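Student:
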Amino acid sequence: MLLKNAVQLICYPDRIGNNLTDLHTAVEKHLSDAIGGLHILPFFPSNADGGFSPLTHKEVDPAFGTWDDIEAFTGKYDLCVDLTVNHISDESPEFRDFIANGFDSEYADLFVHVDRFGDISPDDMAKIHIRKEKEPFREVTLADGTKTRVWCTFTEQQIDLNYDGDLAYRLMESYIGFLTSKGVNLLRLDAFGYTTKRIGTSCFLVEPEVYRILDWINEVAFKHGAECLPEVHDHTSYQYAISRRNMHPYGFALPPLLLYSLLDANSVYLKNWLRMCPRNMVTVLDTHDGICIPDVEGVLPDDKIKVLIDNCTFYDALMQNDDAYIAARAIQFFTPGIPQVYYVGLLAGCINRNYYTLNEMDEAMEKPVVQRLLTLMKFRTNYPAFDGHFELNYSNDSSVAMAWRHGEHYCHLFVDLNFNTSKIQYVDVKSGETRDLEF
Amino acid sequence: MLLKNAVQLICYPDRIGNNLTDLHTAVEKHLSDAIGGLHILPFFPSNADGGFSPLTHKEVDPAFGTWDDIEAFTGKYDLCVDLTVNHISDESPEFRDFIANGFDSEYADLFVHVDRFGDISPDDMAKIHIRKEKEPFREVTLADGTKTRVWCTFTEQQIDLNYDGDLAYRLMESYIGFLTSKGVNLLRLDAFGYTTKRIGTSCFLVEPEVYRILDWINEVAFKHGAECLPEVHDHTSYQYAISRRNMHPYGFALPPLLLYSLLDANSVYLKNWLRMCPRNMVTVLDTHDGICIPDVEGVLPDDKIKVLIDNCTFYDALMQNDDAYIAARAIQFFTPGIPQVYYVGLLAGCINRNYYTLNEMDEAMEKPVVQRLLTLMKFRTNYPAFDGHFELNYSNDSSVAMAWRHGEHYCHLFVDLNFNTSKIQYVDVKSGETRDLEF
Amino acid sequence: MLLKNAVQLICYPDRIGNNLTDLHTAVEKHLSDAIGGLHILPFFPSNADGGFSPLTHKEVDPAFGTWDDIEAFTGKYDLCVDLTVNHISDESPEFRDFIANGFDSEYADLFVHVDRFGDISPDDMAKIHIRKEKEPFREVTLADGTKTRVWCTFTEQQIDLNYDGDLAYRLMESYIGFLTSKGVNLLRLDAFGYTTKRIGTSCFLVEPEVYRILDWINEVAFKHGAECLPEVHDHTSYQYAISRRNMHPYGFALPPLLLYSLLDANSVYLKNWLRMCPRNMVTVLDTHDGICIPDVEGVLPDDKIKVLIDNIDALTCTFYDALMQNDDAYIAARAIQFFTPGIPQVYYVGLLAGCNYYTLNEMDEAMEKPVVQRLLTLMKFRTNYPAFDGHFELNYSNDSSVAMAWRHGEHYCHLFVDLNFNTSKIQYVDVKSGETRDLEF
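Residue numbers (the deposited numbering), protein chains in the order written: chain A, 1 to 311, 339 to 377, 392 to 480; chain A', 1 to 311, 339 to 377, 392 to 480; chain B, 1 to 314, 337 to 377, 395 to 480. A prime marks a further copy of an entry chain.
The following block contains the structure:
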């Protein structure tokens, strides 16, 4: 549908070269026919958390470039961008206005006021699903000298939005409209699970509230020509729930699943997942965040997870073994969904966030393992069979056999996990013969 | 779509009363507005395996009744019937003709000839997925006095069909056409996984062969006004694969999942499954076959399965506790899909295959627990909300909260697993008020 | 031809002093009555794997010395030397001729050509017992400019020999002849398990081919006055099969077994193993490889292996280090090793209490160490006291101690190890005076 069924690049704005212009130089020079889109990590004005505390989604942080540097991509490549639906910076225009004007501010109902709930019992606090070990409450000093408390799931420079009120949905629709006008196809919804706040609950993925919030955003997105990629790290059950509301789940189960598969030469759990895997997902191997274990619970039994845990750029977990890494990307790419490749993974780097100069990328492109990866990326991005249907094939319990078919076009992946071998056969339509991809 | 979204009765032809006429008497007397369909277990001429060795699918075994006794159901109730796609009786017209006329018989290519494969290595035999501990080869004496071997997965009176040849598909289309002409809506495909025979493979669910076989039958069924219910007992991954080819999977994960849930007062794994559960499934709690464990692998962790195993009509596994049983049916009925109720489960019986006289059923209907179950069955079969959408609600880890919505119509199930309590609230549209179902 | 029942030194040619002559000087100065033989690690022309890729077994690398420097040991000492039966260098004359002349070379059938089979199924690839994570196949560029593939289990400079053909047996009998002419008593058969290549199989320890190849090699050694020490790292069952074909297995079960015993003060599994242990084995404690787990499966239960593994990864671990550099524990392990039936080897680093190259002065220092003097006292006693030449009698003990004894007529010696306090006590019978006396170590 709306998006190109092609490889996407996950990248920062400023870590290949220095800015979006240098980024655009790198894509055109090397990746012009290997990717059909980019996920550019947060590139708005921000004041904490590596970019996830945006003052607004309506500005490019001038450090990275300008909206014209963004639109240079949005005529040839899909564009995936983060939408921080849970929270906005305390330095945002809206929150500074609440600080100035107190509860008389017209943006007051945009934030969550801990005082509405009343006294929250210990039992209700114990239900809250949060990683930090402080109460998720920031007490702020207003202009008048009063002290009120707002909900704060993350760092204190991040103020959560109020989805029992109305302003939060207007603010998001404004962001989505403007972002989509700039050429953004795909909205990665960051920390969507925390948008549901209800005392007595987990305040995380509270059902079915979470899906009504999620349905509303998707419709706003669809009116403006964009699809959604709701990102949550929890039981895969939420990935199928996302998938079944016409949104893109993450294939967060795949990376740890392949690590186990390759390290222990076992395809039983991988094949079972491919037979089940939620569809219309965006697949990753290495992210901008790293290793997440709860995403593979149930997909991989607890004993095999322990094996995996007992035995981080994705390349390092395979012990910098090129054959293993190439086979994992091969498997990822034939997995149903849109494959993302993180930029450090493209350059076979060695904590998960490195800087490259434009010379350093050209050098890294010369690496044998990287040329093998370009060959896959071009093939996955261009060969028409991937636009057809997935048919998994019978294999023994130490190998994986994956195929795609779209009319005449047919290609077949075979990975022997015992020897990390990658073999792709595809149909050259023009000659009608069966050919071996050289990678 | 084609089927009624209502409770179905799984029953034999001759175990409530003596035959299909007595069966029809029982449904009308007690179940006329509580079920929308029936799954009548094999009722064809058969010579082994409790009815799953049919001489033909074109005859009612006169012991049970006639096709007019069948059609008495197919004007008011959906009709689900077994189609033994893997094999037919050795006493069938087709196989006796092969015995008589040897390989000159025009039905010879309807069966699998072990000699085509050649010598089958030990390694290839070790791949075969079979329960019996004999080689799946029957050596038969022909009329001429020659001895040839045919493939035989089950008892020797069951001869497997050949889906590398052509006659097998004609025979099935003939069966489906005639069965559908008699009013059959739904074809339970028995032992479909064994139809794929290929040396070097498991000869069970061989992918993607199994789905092409499965797609073909579904299309034949759709031309003749019927849908399919492919029954396989293996990893749930096959249930999602079935579901994604416009066919009905079984919810074989649910029964052991509820047993664990109720016995250990834990909803975490149940809720995760409901959030994921394959859609358009047919749910059971007790079957005509009994306990199957591999259907809950992954759905329930290995440690909790051991708990379940360490701690059979479904009523007995709950220790004949009515509240627990009623709550399990309540949970089953709000689970997405078409709910089947096995007849012994309807009558709260106490190995999974009992006979009842027409008096004995009337008495069993008077049991308090059975009246509670009728109330659910009528509600699930008639209340319009189930025709809308499933929305699971937040609950603690010892309770389950399930709801359906279809316009104004809304009903909400809450089960406390600690006390086996069942509470249903629904919207009475006529008065517009919220009411409690009394059960 | 029967070997001396005495301690043997495992050592490099060039890491004590500068060369084999300095080695010989060091041996005579300190070890002349403490060892009855030497296992000199590979000293042939080689270009990979630390010496186990020999161009030929018929040359000494001129840096290390000469063949005459080797024969200087034979005459007072048994000599154990590696025979790489599985593979030879790609820079060897035989394979280099294969490079030039293709399949017209008369050395072509000496190597395994992966294309004989045709297509090898995934199921057959998955059967192969191979430790590296590439296919055991090297594709070589021929002189003609064409590309053919030969079987290659280890690094690509190591080309496996073809034991379905005949040339490999001649090549191997040739090496055995030359080695024995220089005085080699004992042939360590390196990577003996991969000699059996057969698609549809593990291509490692393939039975019963593997024993026929092993029996044949044993016979060639016997013609030329040599015995075999077939080295394989797998389930102990293979060690008893070797033992029962009149060859010397390694006691690879012992090191991990003693590590557990000392670390957990438990003699049950050690005693059970000594009661069963295969006969005519050569025992080591630290190898040139380290600690291997499949060598102790069954000998030590899976719960006790995990206990050991948990301790040691907190295996590239010199056995002295695995005992936390505890001198008493190390001496108690060497004592137990020495009373274990078989011929005990001491790796030279273990002799010198290292944690390496040494000069001749440095070895003099290492010999002065109290722990090394205790080890010398053991070695001399094991190499010279006649009771070991009789029969082994294991004694009853509690489950935290080990009681091991040997008897040969009047000669009798008795080891008692308390695993709780790492005490090593040996009492022996002084035949001439008839009294029982304590070895001072």
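Backbone N, C-alpha and C define an ideal beta-carbon position, used for all residues, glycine too.
#1: Unbroken beta strand (DSSP E) runs of length 3 or more, entirely within the stretch 104–187 of chain B: which are they?
#2: If you measure from the beta carbon of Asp123 of chain B to each beta carbon in chain A', is any gap under 8 Å?
#3: Between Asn311 of chain A and chain B, is the shortest Cβ-Cβ distance under 8 Å, so that the two count as touching?
#4: Do the stretch 19–27 of chain B and the stretch 407–415 of chain B meet, that is, are 3 or more Cβ pairs less than 8 Å apart?
#5: Taking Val368 of chain A as part of the beta strand (DSSP E), name the residues at either end of that continuous run.
#6: Using DSSP bridges, identify the partner residues of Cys80 of chain B.
#7: State the start and end residues of the unbroken beta strand (DSSP E) segment that holds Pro230 of chain A.
#8: When Cβ atoms are compared, which residues of the stretch 109–138 of chain A fall closer than 9 Å to chain A'?
#9: Check for me: the alpha helix (DSSP H) holding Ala442 of chain B runs from which residue to which?
#10: Can you tell me which of the three DSSP states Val210 of chain B falls into?
#11: What are the boundary residues of the alpha helix (DSSP H) that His24 of chain B is part of?
#12: Going by the beta-carbon positions, is the gap between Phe95 of chain A' and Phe111 of chain A' smaller than 8 Å?
#13: Would you say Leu3 of chain B and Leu186 of chain B are within 8 Å of each other, going by their C-beta atoms?
#14: Output yes if chain A' places a C-beta closer than 8 Å to the C-beta of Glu219 of chain A; else output no.
#15: With DSSP run on the structure shown, which of helix, strand or coil describes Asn434 of chain A'?
#16: Applying a beta-carbon distance threshold of less than 8 Å, which residues of chain A' neighbour residue 388 of chain A?
#17: Can you give, in chain order, each stretch of the alpha helix (DSSP H) that sits fully within the stretch 258–304 of chain A' and has at least 4 residues?
#18: Please list the partners that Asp457 of chain A has in chain B, where partner means a Cβ-to-Cβ separation under 8 Å.
#19: Just the Cα atoms here: how many angstroms apart are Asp234 of chain B and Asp164 of chain A'?
#20: Listing by chain order, which chain A residues have their CB less than 9 Å from the CB of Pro249 of chain A'?
#21: Quick one: grab the DSSP three-state call for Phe95 of chain A.
#22: So, is the C-beta of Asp350 of chain A closer than 8 Å to a C-beta in chain B?
#23: Taking Cβ-Cβ distances below 7 Å as the criterion, which residues of the stretch 421–438 of chain A' are in contact with chain A?
#24: Give me whichever residues DSSP pairs with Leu9 of chain B in a beta bridge.
#25: Pull up the DSSP beta-bridge partners for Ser89 of chain B, would you.
#26: Quick check on this structure: which residue in B:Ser440, B:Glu139, B:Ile159, B:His113 has the alpha carbon closest to the alpha carbon of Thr56 of chain B?
#27: For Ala375 of chain A, which option in A:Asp286, A:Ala253, A:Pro249 has the closest C-alpha, if you only look at C-alpha atoms?
#28: I'd like the span of the beta strand (DSSP E) that includes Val468 of chain A', first residue to last.
#29: With DSSP collapsed to three states, give me the class of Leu308 of chain B.
#30: For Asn280 of chain A, go through chain B and note every residue whose CB falls closer than 9 Å to its CB, in chain order.
#31: Compute the distance between the beta-carbons of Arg279 of chain B and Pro230 of chain B, then report whether it is under 8 Å.
#32: Please state whether the Cβ-Cβ distance between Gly372 of chain A and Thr422 of chain A is less than 8 Å.
#33: Quick one: residues in its chain with C-beta nearer than 8 Å to the C-beta of residue 333 of chain B, no 5 flanking neighbours on either side, listed in chain order?
#34: Short of 7 Å in beta carbon distance, which residues of its chain neighbour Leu259 of chain A, apart from the five on each side in sequence? Order them along the chain.
#35: Would you verify that the beta carbon of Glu449 of chain A is, or is not, closer than 8 Å to some beta carbon of chain A'?
#36: When the distance is taken between beta carbons, is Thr283 of chain A closer than 8 Å to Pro366 of chain A?
Tutor: Taking the coordinates as given:
#1: 137–141, 147–151, 158–160
#2: Answer yes: the Cβ-Cβ gap between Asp123 of chain B and chain A' drops below 8 Å somewhere.
#3: no
#4: no
#5: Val368 of chain A -> beta strand (DSSP E) spans 365–369.
#6: B:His39, B:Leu186
#7: 227–231
#8: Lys127
#9: That residue, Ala442 of chain B, is in no alpha helix (DSSP H); its beta strand (DSSP E) goes 440–447.
#10: helix
#11: 20–30
#12: Result yes, Cβ atoms of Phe95 of chain A' and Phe111 of chain A' sit closer than 8 Å.
#13: yes
#14: no
#15: Three-state result, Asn434 of chain A': strand.
#16: The model of chain A omits the segment between 377 and 392, and residue 388 of chain A is among the residues lacking coordinates.
#17: 268–276
#18: What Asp457 of chain A touches in chain B, judged by beta-carbon distance under 8 Å, is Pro122, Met125, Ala126, going in chain order.
#19: 45 Å
#20: Under the 9 Å cutoff, chain A gives no residues; its nearest Cβ is about 11 Å from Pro249 of chain A'.
#21: helix
#22: yes
#23: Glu432, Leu433, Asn434, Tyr435
#24: B:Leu38, B:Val368
#25: According to DSSP, residue pairing for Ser89 of chain B in a beta bridge involves B:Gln158.
#26: B:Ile159
#27: A:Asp286
#28: 462–469
#29: Three-state result, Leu308 of chain B: helix.
#30: Correct list: empty, because the minimum Cβ distance to chain B is about 31 Å.
#31: no
#32: Contact flag unset, no.
#33: Residue 333 of chain B falls within a stretch that is absent from the model, since chain B runs 314 to 337 with no residues between.
#34: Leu308, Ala344
#35: no
#36: yes
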